[PDB]
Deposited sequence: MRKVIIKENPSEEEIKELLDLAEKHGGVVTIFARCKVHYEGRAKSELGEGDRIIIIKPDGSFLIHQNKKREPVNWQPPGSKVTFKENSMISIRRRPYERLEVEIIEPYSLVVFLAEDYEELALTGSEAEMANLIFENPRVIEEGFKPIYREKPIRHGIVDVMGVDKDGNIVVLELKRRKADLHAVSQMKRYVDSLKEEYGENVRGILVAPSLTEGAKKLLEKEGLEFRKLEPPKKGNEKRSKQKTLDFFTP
């Protein structure tokens, strides 16, 4: 048991074990199953047998996806209670009454995913650069912030001494390989637009060895700056 537990086919014995396992440890259940769906809320509907993906989150979020759109086909908010008996039901009797049932026909697989909660400025660095472009370079003119480009968005964009377009990518932590690749994409996009004379300067307090490497390798520059 690490972060993913799978049963490449479960029986009813298994599912109940796995749901409880998930409730116990606060994991996410994802079932792939041929099934049908029955809903009772404001009105009463069903969907016939078909292949669906069903996601049950620790806080009671319940989602039913079939294989086509962005939206789930049916869903239920945090705070809905989960129950099993050959069907998974999520009922919110939280003052409307609502019942969403997945009658499992054929459970292809169930996956428990013991996922950690996700716990939640560069605008101020930009302020510094506009205030005193000299932190970047002598005679650098910053022009745009969050500038839409053909293939992306550039933190600060300006023009240097020689009239070359200068792209700035601002990070506030150690700049990684990803940062450099991100900036590269912006530079290349603009190179396809204004010619070979576009500079990419990565502005951060420091950077990885890999970052420094790919920069040199790529003809791009670094500039040291602390979020004040």
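Student: If you line up the deposited sequence with the model, which stretches have no C-alpha coordinates?
Tutor: In sequence order, the gaps with no modelled C-alpha are 121-125, 234-251.
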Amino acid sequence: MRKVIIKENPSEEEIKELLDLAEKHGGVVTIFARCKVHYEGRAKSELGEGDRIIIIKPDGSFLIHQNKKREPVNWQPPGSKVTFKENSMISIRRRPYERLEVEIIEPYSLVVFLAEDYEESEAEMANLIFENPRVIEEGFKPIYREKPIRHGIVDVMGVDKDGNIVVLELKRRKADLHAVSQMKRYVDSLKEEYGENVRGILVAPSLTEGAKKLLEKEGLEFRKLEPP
From here on, numbers count along this sequence of modelled residues.
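Student: Using only C-alpha atoms and the B-factors in the entry, which stretch averages higher, 68-76 or 103-111?
Tutor: Here the higher of the two C-alpha B-factor means belongs to 103-111.
Student: If you average the CA temperature factors over each stretch, which comes out higher, 57-65 or 42-50?
Tutor: Higher of the two, by average CA B-factor, is 42-50.
Student: Tell me, lowest, middle or highest third: where does the Cα B factor of residue 153 rank within its chain?
Tutor: According to the entry, residue 153 has a C-alpha B-factor in the chain's lowest third.
Student: Mind checking which third residue 93 falls in for C-alpha B-factor across the chain?
Tutor: For residue 93, the deposited C-alpha B-factor lands in the highest third.
Student: Is the Cα B-factor recorded for residue 131 in the lowest, middle or highest third of its chain?
Tutor: Its C-alpha B-factor belongs to the middle third of this chain's values.
Student: Give the position of residue 33 by CA B-factor within its chain, expressed as the lowest, middle or highest third.
Tutor: Within its chain, residue 33 is a lowest-third residue by C-alpha B-factor, going by the deposited values.
Student: What third of the chain, by the recorded C-alpha B-factor, contains residue 146?
Tutor: Its C-alpha B-factor, which the entry lists for residue 146, ranks in the lowest third among residues of this chain.
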